[PDB]
Every structure is written in structure tokens, then in C-alpha cells.
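No value in this document is a laboratory result; all are computed from the given coordinates. Please note: Cβ atoms are built from the backbone with ideal geometry, for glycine as well, and neighbour counts cover all protein chains shown.
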Amino acid sequence: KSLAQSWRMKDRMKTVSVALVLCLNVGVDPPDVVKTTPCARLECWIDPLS
Amino acid sequence: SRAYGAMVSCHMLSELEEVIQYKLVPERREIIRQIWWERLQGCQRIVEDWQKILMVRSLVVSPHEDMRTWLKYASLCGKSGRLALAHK
Amino acid sequence: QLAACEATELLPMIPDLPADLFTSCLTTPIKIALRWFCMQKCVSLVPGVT
Amino acid sequence: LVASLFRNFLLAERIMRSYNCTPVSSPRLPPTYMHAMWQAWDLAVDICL
Amino acid sequence: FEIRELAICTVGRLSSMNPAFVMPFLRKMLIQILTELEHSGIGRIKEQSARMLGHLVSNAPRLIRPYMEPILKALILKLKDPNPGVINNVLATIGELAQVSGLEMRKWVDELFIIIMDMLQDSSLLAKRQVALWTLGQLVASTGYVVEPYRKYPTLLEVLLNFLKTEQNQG
Amino acid sequence: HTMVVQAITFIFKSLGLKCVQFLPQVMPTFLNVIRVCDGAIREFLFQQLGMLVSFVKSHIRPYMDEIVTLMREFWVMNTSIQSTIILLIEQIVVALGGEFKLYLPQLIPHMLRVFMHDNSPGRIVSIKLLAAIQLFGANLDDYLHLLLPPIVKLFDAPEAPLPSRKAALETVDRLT
């Protein structure tokens, strides 16, 4: 007797499009976070301030 | 200089230890031969002493597998005035 | 939903890392995975790896 | 894309943990940071570079 | 600790059988051992740690060959610190690495030779002259560093023919 | 010495995170005062450095190596300065958070000595130090094999007093 074979992907979804919302406002820091003098700056492997 | 004779016995004892490694460790062989070669040149150029030492090494290295030892050996026999042995 | 932090937490300000640390992990793992490897105590085991 | 994001999310979970950050996912995953397989990654990287 | 020693010997032996599990875990252990060595400021923990690193080097040599330069710097650094059992176990490990690697550590021989010849002489940092001599044996043996020691350290023949006419141990 | 620092601490608390500006002026002097001052005040300064660090939080990073060196020097088996410094560690751990694992290895030798030989009445210098170790969090990963045996020896020792044993057990609870 064949068992209930439940290995198939009963759905193949696909990510059709992408929205890249980037709120950087490069330069001016927001009021919340006071940043350090050296600080973590790299953004997608780019120094924005350069 | 009187202690030298005994020193050669310890040379041969510790060389016999490096025949045990040589028969067990194929990866260590060419290092051992080089060690062996460098060691013999610090040792004195008397023909008896060399013969003793080479017989030990002959437990696992035929004379064809290391010429330079045996030519230098033959050369000592020539310089020391024992050409019969040098010939053999 | 994927989110960089728990509600109380703040993102790290550490000058060695990117600001974009989470996005960087999700989207360029091998790049931060190697940079992170070089910041740990386990680098002592491989000298000449800056 | 989802599979790539979650594969790479497991690395985020491990890395960010070492800086007082816990990433969050909506279909919540159980904590993988201490899986043995990460020791295999460490060694693999080490030997490679 | 005795069980710990006994397990790491056993696990090291299986690192050829199933390296995928054992080699990652023994690497993790190696790191911990070297942390306890360097960062614990305690005689006993450092003493045990060296002892343990002895057993790792000997039983899992494949794992340890790539990490020989780190381990050896960590161990030489303990010998150049200003407890007897740490130095005795640190020397017993250096002797075991020599045996594992070889030529691969021919750079470090002249460093360790200075260190050990300082210790063969002098009962101020009185380690076991037994193990000093044992590890010195192993460097000269494995690394293949012969006859040069009599030039570079001319007192070696005055030092070593002194132990044959001073100390009362057979070993 | 004293009243100056009661102000400087009050100044930083009243400012908020805008006090960070003043750090490079304040700190180098403030640390050198701790190195030089005459005994009676050093417990007090270390209390206030702790306050300083809690306000400034992660902007203390650049002066941290000096701060640790200071602690390392003035940690003794003396009960008085230990409660003070152990409190100053708790304030450095929350301040740095993830960056504390760089400095923890300097401090470990002293912490392992605290458990080994604590002559404190009811082992309160041990109990206080357990409460700090609870805050360390994932900093403790690379050093757990060093810290853990002493903590375990603490709750299995029958000679040791009950508070110090619950304190040890509760810690292993948290660290889990």
C-alpha cells in the first residue's frame, strides 16, 4: 500500500517585484540617536559622507 | 678527546633510533637521509668510525640509494693510505 | 517579516561594522561573514589575515 | 528570494547576537546561533583564507 | 580533569574516522585551551591547560598542523614570563609539537634553544631538568638541527657532560 | 576633590546625551586624578566615574583601556574598593554592551581570584560579583569555560553560606 506522499511543493510562489524604500537623509542625523565621533558609517558598502 | 670513542657509540645508538622511524614512516625518509648526511660531517674523519656508522645506516639504506656518503667514505680511504678498501 | 532588532534594542554603532548591518547580512552574507571572522578572538589562529 | 533571505538571516541571527541584537522574523524561527554546523563554517573559512 | 584528559585522547583518535564532527569541535576546544593559557591568571588552570594541549597535539595532529605558529607563540610566551608545573607541562607540549610538525618549525628552533639552555643551567627557575632535556632531545631529533648547536651555544658540551657528573637520576 | 565631582556628575545627569561634548576635556584629567588621589577619595571617585559612564553610555569607548587599567591596578582583596569596582563593572557592561568582550579578558583574572579567596562576611563580594556576571550576557561566550567552574564550585561547596549558594544557582539560571 502506497503511503500519502507529501514531498511535492504544493505551490511555487515567485517574488515578482521589489520596493527599496531608503530613508537616509544623507548628512543630517535624526534627533533620537547621538552618533559617536568615529561611528559605523558604511551603507551598502559605501561611505555616504565621502 | 678520550671521551670521543664513547661519543660515537651514542651516535650509533641514536642513529639506530632513526632506523626505527625510517622503517615505520615513509613520509620522513628524505629528511632522515639529510640529517644523516649533515651529522656524519661533524663527526671525525677516521675510517673505522665511519665504517661503524655506515653499517648501522645499511640496516635500511643500500649504498646505491645514497652515493655521496659512500664516495666521501671512499675518498677518506684514499687520503688515509688504505687504497684496497677504497677500491672495494 | 524580517526585522533587524527586538523592540527595546538599538542597532550597534561600532566603527568596524556597517550601519547597514542587517541588510548587509541578508543581502551580502559572505562579505560580512568574512569581515566578522576577522574581528573575533579566533583570528589569533590565522596570523597574516587582516 | 525568500529562501535566500532566510538562509542569510541565520547568519544575521549569529552575527548580530554578538552585539546585543536579536533579529526578529514573522514566522518565528527557533534559535540557530549555537548549532554545531557553525563550528564547521568557522573551520571551513579558516582553512580557506 | 583526569576524565577530561581521557576523553580528549579518545576524541582525538576518532578525528580520522569522522572528521566532519570531530575536527570542528577539536578546533573549538583548541581555542578554549589557548584562552585559559593566556587569559586565566591562575597557576592550576594554566597548568592543566598546557597538559591538555599536550594531549591534543599528540592525538589530533592533522587538526593542529595549520595552527602550529599560533600555538607555539602562545607556549613560548609562557616560557618568557618572569608555579613549576606550568613550565613543566609547557615544555612537555613543545616537545610533542616538534614531533608532530618538523622542519615546519625549523624557524623556531634557535628561539627555543636559547630558552631551554637558560633553564638547563640555573636552579632559580628550577623546572625538571629531566623534561628540559627531553624536549631539547625532541627538537634536535625531529626538526633536524644537528652539530650547529655546538657552535651557536658553545657551552652545550660543558653543560651536558656536567649532568653525567652531577645529578643522581637515571631518567 | 569631592565637591567638584558631585557637581560634574550632576552636570552630566542634568544635560542628558549633550554632555558627551565635554568628555575629552573631563575624562583624561578625571582618570589621572584617580591614579594620584590619596586613598580615602578613590572609593568616592570610582563611584562617580560609574555615574559618568551610565550617562555617557557608549561614548566612553575611547577612554576604556585607561579605565580598565585603573580598575586592574586598584582591585585588591580589600572589601571596600571591591564592592565599588564591581558596581563600576555593571555600569561599564550596560554602557558598552557588545563591545565589553574586548575588555572582559583583562578583568577575568581578578574575578576568578574573587571567588577563590573571598574573606568577605557572608561572601557578599562574591554575591555582588555574581549579580554583575548576570548582566554580561553574550559577552561571556568565549570565556564561559573560565567563569563557569568557579560559579559551580560555589553552589556545591557545603562550607559556603546559603545566600552565596542561591546567588550562584540563580546566576546559572539567568546565564542559560
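Using Cα centres only, tell me the gap between the stretch F:1-67 and the stretch F:80-107 in whole Å. Here the answer is 15 Å between Cα centres.
When the protein assembly as shown is described by a simple charge dipole with +1 on each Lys and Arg Cβ and -1 on each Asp and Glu Cβ, the residue from F:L45, E:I33, D:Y19 located farthest towards its positive end is E:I33. Within 10 Å of each candidate Cβ there may be at most 16 other Cβ atoms; applying that plus a DSSP loop requirement, which chymotrypsin sites (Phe, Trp or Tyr not before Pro) in chain D survive? Here the sparse-neighbourhood loop sites are D:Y33. Decide, for the stretch E:1-150, between rounded, prolate and oblate: order the square roots of the alpha carbon gyration tensor eigenvalues as a ≥ b ≥ c, take rounded if a/c falls under 1.5, and otherwise choose prolate if a/b is larger than b/c, else oblate. It is oblate, given that a/c is not under 1.5 and a/b is not larger than b/c. Among C:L11, E:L30, F:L144, the order by Cβ neighbours within 10 angstrom, fewest to most, reads F:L144, C:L11, E:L30.
Would you mind working out the magnitude of the charge dipole of the stretch F:8-73 relative to its Cα centre, with +1 at each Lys and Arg C-beta and -1 at each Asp and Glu C-beta, to the nearest 20 Debye?
260 debye
Counting only other chain Cβ atoms within 10 Å of each residue's Cβ, the peptide D:21-32 averages 4. For the segment C:37-45, counting C-beta atoms of other chains within 10 Å of every residue's C-beta and taking the mean gives 6. Separation of the stretch F:131-176 and the stretch E:79-131, taken as the distance between their Cα centroids, equals 36 angstrom. Under a Gaussian network description of chain F, with springs only between Cα atoms under 10 Å, the residue in F:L148, F:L15, F:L104 that fluctuates furthest is F:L15. Here is the size of the stretch E:85-154 from its Cα atoms: Rg then Dmax, 11.5, 32 Å.
Rounded to whole Å, give me the distance from the Cα center of the stretch E:1-66 to that of chain A. Distance between centres, Cα-based: 40 Å.
Here the contact order of the stretch F:35-109, divided by its residue count and restricted to Cα pairs under 8 Å and six or more residues apart, works out to 43 percent. In the elastic network of chain F, a GNM with C-alpha springs shorter than 10 Å, the most mobile of F:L147, F:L129, F:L49 is F:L147.
Placing +1 on the Cβ of every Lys and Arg and -1 on the Cβ of every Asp and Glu, with nothing else charged, gives the stretch E:1-53 a dipole about its Cα centre of roughly 100 debye.
Towards the positive end of the charge dipole of the protein assembly as shown, with charges on Cβ (+1 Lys, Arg; -1 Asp, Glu), say which of B:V61, B:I31, F:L31 has the farthest Cα. Of the options given, the answer is B:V61. Could you calculate, for the stretch E:16-72, the ratio of the Cα radius of gyration to the Kirkwood radius, expressed as Rg to Rh? Using Cα coordinates only, the ratio equals 0.99.
Across F:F30, F:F55, F:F136, mean-square fluctuation computed from a Gaussian network of chain F (C-alpha pairs under 10 Å connected) peaks at F:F30.
Here the dipole of chain F is about 280 debye; that uses its Cα centre as origin and unit charges on the Cβ of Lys and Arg (positive) and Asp and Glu (negative). One way to sum up the overall shape of the protein assembly as shown is the equivalent ellipsoid from its Cα gyration tensor, whose semi-axes run 57, 34, 23 Å, largest first.
Within the stretch F:137-170, name every residue whose backbone N is under 12 Å away from a label modeled 7 Å from Cα of F:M116 along the Cβ vector. Residues passing the 12 Å test: F:150.
With the convex hull drawn around the C-alpha atoms of the stretch B:11-88, the volume per residue stands at 82 Å³.
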